[PDB]
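Student: Quick one: structure below, then a few questions.
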Amino acid sequence: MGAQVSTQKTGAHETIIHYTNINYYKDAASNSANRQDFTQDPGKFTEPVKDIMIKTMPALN
Amino acid sequence: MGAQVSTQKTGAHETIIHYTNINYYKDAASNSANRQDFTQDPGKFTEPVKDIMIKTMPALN
Amino acid sequence: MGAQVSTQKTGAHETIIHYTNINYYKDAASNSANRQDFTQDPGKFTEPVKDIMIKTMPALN
Amino acid sequence: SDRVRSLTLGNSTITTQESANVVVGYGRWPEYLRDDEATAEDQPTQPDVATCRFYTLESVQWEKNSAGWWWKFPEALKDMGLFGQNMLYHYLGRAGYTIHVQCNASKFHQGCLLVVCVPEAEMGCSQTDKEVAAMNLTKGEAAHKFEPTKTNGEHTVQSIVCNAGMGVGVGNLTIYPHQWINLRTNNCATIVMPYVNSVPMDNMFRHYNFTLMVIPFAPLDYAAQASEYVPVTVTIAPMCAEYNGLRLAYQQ
Amino acid sequence: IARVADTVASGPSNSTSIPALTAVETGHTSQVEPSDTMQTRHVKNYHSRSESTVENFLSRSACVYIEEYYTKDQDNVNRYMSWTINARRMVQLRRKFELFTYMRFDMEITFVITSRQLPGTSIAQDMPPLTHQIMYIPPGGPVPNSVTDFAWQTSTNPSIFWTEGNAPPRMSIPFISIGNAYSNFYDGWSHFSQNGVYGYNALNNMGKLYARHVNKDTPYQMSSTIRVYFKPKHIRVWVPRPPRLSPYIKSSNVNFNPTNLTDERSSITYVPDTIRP
Amino acid sequence: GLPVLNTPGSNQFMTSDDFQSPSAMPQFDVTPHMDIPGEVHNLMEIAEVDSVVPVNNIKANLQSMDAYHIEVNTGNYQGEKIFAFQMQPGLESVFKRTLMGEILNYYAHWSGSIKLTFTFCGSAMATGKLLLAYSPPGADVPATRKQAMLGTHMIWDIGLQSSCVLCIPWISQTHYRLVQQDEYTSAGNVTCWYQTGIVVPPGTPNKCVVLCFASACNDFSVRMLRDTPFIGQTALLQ
Amino acid sequence: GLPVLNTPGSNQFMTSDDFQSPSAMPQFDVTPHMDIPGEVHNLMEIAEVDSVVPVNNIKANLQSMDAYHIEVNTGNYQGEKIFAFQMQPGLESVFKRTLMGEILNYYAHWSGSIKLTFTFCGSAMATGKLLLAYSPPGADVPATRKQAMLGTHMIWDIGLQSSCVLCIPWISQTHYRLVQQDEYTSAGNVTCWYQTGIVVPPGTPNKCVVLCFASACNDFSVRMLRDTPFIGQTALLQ
Amino acid sequence: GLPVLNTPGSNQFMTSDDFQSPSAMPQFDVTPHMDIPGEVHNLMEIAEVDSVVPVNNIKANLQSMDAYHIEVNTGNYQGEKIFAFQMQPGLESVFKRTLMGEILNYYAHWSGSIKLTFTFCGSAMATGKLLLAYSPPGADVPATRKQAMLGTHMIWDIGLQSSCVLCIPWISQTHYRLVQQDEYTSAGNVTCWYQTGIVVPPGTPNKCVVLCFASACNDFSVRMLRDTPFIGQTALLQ
Ligand SMILES: CCCCCCCCCCCC(=O)O
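Below, the structure is given as structure tokens:
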């Protein structure tokens, strides 16, 4: 089938950890949640300044 | 098996979106609806004229 | 598995029409009916004569 | 000039100097039944030019208070030359038809008709509690007319125009093969109807394949001394006429 | 795939091109678009007519019938159901099907059977799960005259046995029509003499459907209501037509009462003032 | 386990389903297959076999061989209809019980041509010509030979070849017809007349029997499985 | 067997599901497909067909052809509004019942442009120029020709070409609008005025009929399947 | 069919499951995606944004801007503690409601460092040095500057650079801590003192406001999803 093997979340016996998935429905809205999308970009809220500010330097000068 | 992978309808997280299907019954009447047949030809009802009419021109002349 | 793809019976949208099958039981008596065996030989009952009779000819002569 | 057009079928020919193109059914043109779609095993008969020709029906008068008219085919052509003779002697029939509605006036008259071909135009009864009679559905080449008001007849058809005698809106009849006859631009209307039915062939007396309706949306009007007589003539010619099941003529 | 047309960017104009001018007399529907009668900007339209498909439109279970049958043989209550299959007794689905003259498709039939115990002063029971039997009888087959008729043997007629509590029974059927397509409208008769039956009933004959309780009897009177649902699939439709305007009166013909073309209003120039600061 | 979702129609029991199921007798050694004569594969093999038709099914003969007898006499009988009946392979009382019709009653739809074989059982000295006509639906039943002659007919000349076949072509509007034929799915009628007459020598019977046989052609077929209305009961047999 | 775990929604019955199911009639031979004229694939093929619009839908004409009549007269009528209405393809009483609007009522969302075709049915001698304007939501309905002229308008000149199209562009904030349009999803209004006037020769009518047609463009589309509020009942029909 | 065995937990409904399910609206055309500014991917993006901390949360200021005011005065104030509080990002009333703490209340576990930014809002002429100390759990809260000075401290010198950051390092025994911190998962305290004092010129205020900001670092993270105890109701709203 259109099987798609992904990686499972670390277990309590770490340091065959993968699962299989197949969509049965025609609408993408039927698929399960995307609990594995780990994107980040705090810059939008933490550093929305026009002029890049270097940590080790004075904010104003 | 006789699996057949198709494309799913766009989801609310666009811009692995495919599903698998296998028929289990011997009669085609048992299969699911054909919700993905997008054919069109309005000409039958909107332009059933014998002489092609060019938009940018006079209907009669 | 020992999957076996066959052809489905014509649907109400003709003129992917195939299904898959796998036997799970050890006895052939467990399998589904053979609704697709189309053999014929009316000769046994309609023409059980010893001497071939040609339609366009006299039965007796 | 696409205004002028000529039609030739059999020993008949129609002329026009003020037409508005030609509507061809649902994009299809009349054609004989193919072998991979036939059911009747007997070899059909095809009179051709004998039945496929222009048949003119009784003219009708368009008046300032006219509400409309309607004909049912192939029934309406039961007494038309050899086309009607084949209907009697055969069990099955199949034809195309080229509807040509004529109606001329003058640059001083005004009005607008709606020539439409309604497949399976099943109609309702005046008295919703009773049924309709064939005699009230179609009466030969004699046209039935729509009324601007409700009808009361026992087994009569609800002739009230606004519902076209079908329980629908007249303004939506444009979804069927049609043309208009806007006197200020037109002079006639032609529609080539292909055989439309859920069966390869069918009886021509028992079944009314389609209904031709001529409903005016713009009332006929004019000034004094202007010709008050404005007739509307309907001409139709069968196409690719096939017949099956030959037997003793049917007694009407 | 089933995407909609995009709008080409248009600018000023001044030529002999007359896309706005035409003549409806030809029976031709104008193929004009905004860019032809004004200055437009380019727009990548991603909209899709995927849900306008005749398949997606008609492929949805809709109730087509409903009858009630009792368990005990008291009074003149019917202990079994009978029904001359057709979809002309439920205005909703009937109106959709009638948007087209001819139809061709397979169909998914689902049954929603529910039971109850009729009111009473002393009705303490303990009845086991009720099992029902739905039997389809194609035109000509023997019809049962009782809840114990031999016809319920279902020797060759398709039948379903369902027990309450479980998911509503379902099963698909092909294209039964003896014609090349189902007919929603038949402007003809059943007899060559142009009389007898007129319209739908003149040719359509999908047979009958019977139901009953397979349980012998209940201490106190109980009744069940079966609801039949139709869901056409693998659809094909021909010759579109004006939607039903007048309310449906009979389920055997198209009789109707002169209905208004639409709702009324003050005048042709009436437009409600919705801006009042 | 594997996340599953039960669909409607679960746990139900449809008499016409077709699933697999555990065998109550595991590893049972089926009795060796034996090649037996006359095996049937399709029921149509039976409906294609000629069977005597009880054309003379009048109340007085419903239980005698006279039901199959179709008398023909010597002498002037012009304008006289030897016999007639509708074309309802499964509904017409005449065909209703023949091998052919008997099978059609297990189905609701039928299509194809039919072979009506007529056999002259008179003496070897009797001669004659009969007109076997078939008129498709649409008009009244042929009242005269002329009317019948206008339809699909067969002029049978009695001679050494005893039998004569009148193949009724499938001339229908729709592809199929209901076994429980109504006026809509009418098939027509079949009328027999005297083309000439039955001449006979001295010292020879004047009345002769003509048997009728009916069977399906290679273009015949049934379609809607249903129960036959020719068998029932009021209680379990014992 | 295979360890399975049933997920919520099992054994339920959703009218809009789409699963496979056993056929009650195994190996049924479907009737041969026949190529019938005028096949529909998408309902939009219908909504794109012009249909007469009952602009003059006043109580007195709700059952007469006058409902479609849009009169125009000769003589000074400057400052007079020939007609007007809101842009609610499925809610506005004027469009509510047209082929277009009739279909939109089976859906809750709509988008795209609309083609309002106007046809002059006067005599061939009558002349004139009308101003067909369309004003997007935001301000009051044009009370004068100047106000209407500020919006998207079309100056129609009556002549040999009887019809004239006023394409109402899709100028909305959101991609879609509700068929059950509210103030938020307002579409605007359409008002018609006299650009000049209708001049006519002697011995010719002074009042003329102007029919209105409405249909969707190639950029139109519906989206939310729902039941139409134009049909109901109080009990099973018989 | 395929022999199956239902495992425990079937037909149940767990609010935190994640299975597939049939769409009630087949082939629905979702509205085109539009790139909108300020998209959030992880809630931590919010907890990393500085938010004013109500250090002066005394009953009399629970509804005034004084709740955020941290006064500092000129003159001898040696040995005086400017302010102090526990290190409970989600439990401490001081942080409990900040953007950071507000998010932690949707989780039961937390880990990482915290950035306490202090901004001097006095006049441009006012000068001074403050001692921002942080003492890990284990001993009593610093009663004197000497005791506080023994712990992780930051000597802030007021000048052109208005703000000064006191990063509280994650010095815990366990990898994570409970938002509902108890004595076991204690984090310590934060006390502010006068390193020197606030000297000011003539004609200049003697009292100044010092705002406090709190946010998470790049090493912060929450873990146990739970419901926030800062919102509830007694009946359906209307
Ligand atoms: C096993 C149950 C069989 C039910 C047959 C239903 C056929 C429905 C046909 C509908 C015809 C029409 O709507 O024009």
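Protein chains in written order, with the authors' numbering: chain D, 1 to 15, 24 to 69; chain D', 1 to 15, 24 to 69; chain D'', 1 to 15, 24 to 69; chain C, 9 to 260; chain A, 11 to 287; chain B, 1 to 238; chain B', 1 to 238; chain B'', 1 to 238. A prime marks a further copy of an entry chain.
Just so you know, even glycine gets a beta-carbon here, dropped at the ideal spot from N, CA and C.
(1) Could you compute how far the alpha carbon of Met25 of chain B'' sits from the alpha carbon of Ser16 of chain B'?
(2) Using beta carbons (cut-off 8 Å, strictly below), is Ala41 of chain D in contact with chain D'?
(3) Just checking my contact of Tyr63 of chain C with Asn211 of chain C at CB under 8 Å: how many whole Å lie between their CB atoms?
(4) Got a sec? Which residues, its chain only, sit under 7 Å from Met201 of chain C by beta carbon, not counting five neighbours each side?
(5) Got a sec: is the Cβ-Cβ distance from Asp29 of chain B' to anything in chain B below 8 Å?
(6) When the cut-off is 8 Å and only beta carbons count, does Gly51 of chain D' lie next to chain C?
(7) Please name the residue, chosen from B'':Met65, B'':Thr7 and B'':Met100, that lies closest to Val209 of chain B'' on a Cα-to-Cα basis.
(8) Please report how far the alpha carbon of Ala41 of chain D lies from the alpha carbon of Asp18 of chain B'', in whole angstroms.
(9) In chain D', which residues lie with their C-beta within 7 Å of the C-beta of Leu160 of chain B'?
(10) Do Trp77 of chain C and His152 of chain C come within 8 Å of each other at the CB atom, strictly closer than that value?
(11) For ligand 1, any of its heavy atoms closer than 7 Å to the Cβ of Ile186 of chain A?
(12) Hey, would you say the C-beta of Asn194 of chain A is under 7 Å away from at least one heavy atom of ligand 1?
(13) For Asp35 of chain B'', count neighbouring Cβ atoms within 10 angstroms of its own Cβ and tell me buried if that reaches 16, exposed if not.
(14) Let me check understanding here. Comparing Cα to Cα, which of B'':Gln233, B'':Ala47, B'':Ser23 and B'':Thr174 lies closest to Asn105 of chain B''?
(15) Could you name the residues of the same chain whose beta carbon sits closer than 6 Å to that of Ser20 of chain A, not counting the 5 residues immediately before and after it, in chain order?
(16) Across the region 232 to 250 of chain C and the region 15 to 33 of chain A, are there enough close Cβ pairs to call them in contact, namely three or more that are closer than 8 Å?
(17) Using DSSP with H/G/I as helix, E/B as strand and the rest coil, what is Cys121 of chain B''?
(18) Using beta carbons (cut-off 8 Å, strictly below), is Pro82 of chain C in contact with chain B'?
(19) When the Cα atoms are used, what is the spatial distance from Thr36 of chain A to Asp50 of chain B'?
(20) May I have the straight-line CA-CA distance separating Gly197 of chain B'' from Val55 of chain B'', to the nearest angstrom?
(21) Output needed in chain order: residues of the region 167 to 179 of chain A with a Cβ under 7 Å from some Cβ in chain B.
(22) Note down, in chain order, all residues in the region 10 to 36 of chain B'' with a beta-carbon under 8 Å from any beta-carbon belonging to chain D'.
(23) Along chain D', which residues have their Cβ under 8 Å away from the Cβ of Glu45 of chain B'?
(24) Pick from B'':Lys81, B'':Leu178 and B'':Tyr194: whose alpha carbon is nearest that of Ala187 of chain B''?
(25) Can we count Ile36 of chain B' as close to ligand 1, meaning its CB is less than 7 Å from some heavy atom?
(26) Is the CB-CB distance between residue 1 of chain C and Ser67 of chain C below 8 Å?
(27) Do you know offhand how far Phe171 of chain A's Cα is from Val30 of chain B's?
(28) Within 7 Å: the Cβ of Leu219 of chain A and any heavy atom of ligand 1?
(29) Counting only beta-carbon atoms, is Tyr27 of chain D nearer than 8 Å to chain D'?
(30) I want to verify the contact list: residues of chain D' whose CB lies under 8 Å from the CB of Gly38 of chain B', in sequence order.
(31) Beta-carbon of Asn66 of chain A versus every beta-carbon of chain B'': anything under 8 Å?
(32) Taking a contact to mean a Cβ-Cβ separation below 8 Å, would you say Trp193 of chain B' touches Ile114 of chain B' in this structure?
(33) From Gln8 of chain D to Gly151 of chain A, what does the alpha carbon distance come to, in whole angstroms?
(34) From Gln135 of chain C to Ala129 of chain C, what distance separates their C-alpha atoms?
(35) Below 8 Å on the Cβ atoms is my guess for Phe213 of chain C versus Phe202 of chain A; work out the distance and round it to an integer in Å.
(36) Closer than 7 Å to a non-hydrogen atom of ligand 1 - does that hold for the CB of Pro168 of chain A?
Tutor: Put simply:
(1) 7 Å
(2) no
(3) Not really, about 20 Å apart at Cβ, beyond 8 Å.
(4) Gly33, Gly104, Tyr105, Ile107, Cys125, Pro185 and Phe218
(5) yes
(6) yes
(7) B'':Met65
(8) 7 Å
(9) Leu68
(10) yes
(11) yes
(12) yes
(13) exposed
(14) B'':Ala47
(15) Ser45, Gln49 and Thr50
(16) no
(17) coil
(18) no
(19) 12 Å
(20) 21 Å
(21) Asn167, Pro168, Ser169, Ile170, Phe171, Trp172, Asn176, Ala177, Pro178 and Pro179
(22) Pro26, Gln27, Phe28, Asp29, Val30, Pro32 and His33
(23) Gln48, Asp49, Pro50, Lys52, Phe53 and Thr54
(24) B'':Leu178
(25) no
(26) The displayed coordinates of chain C run from 9 to 260. Any statement about residue 1 of chain C would go beyond what the structure contains.
(27) 32 Å
(28) yes
(29) no
(30) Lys52 and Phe53
(31) yes
(32) no
(33) 59 Å
(34) 18 Å
(35) 6 Å
(36) yes
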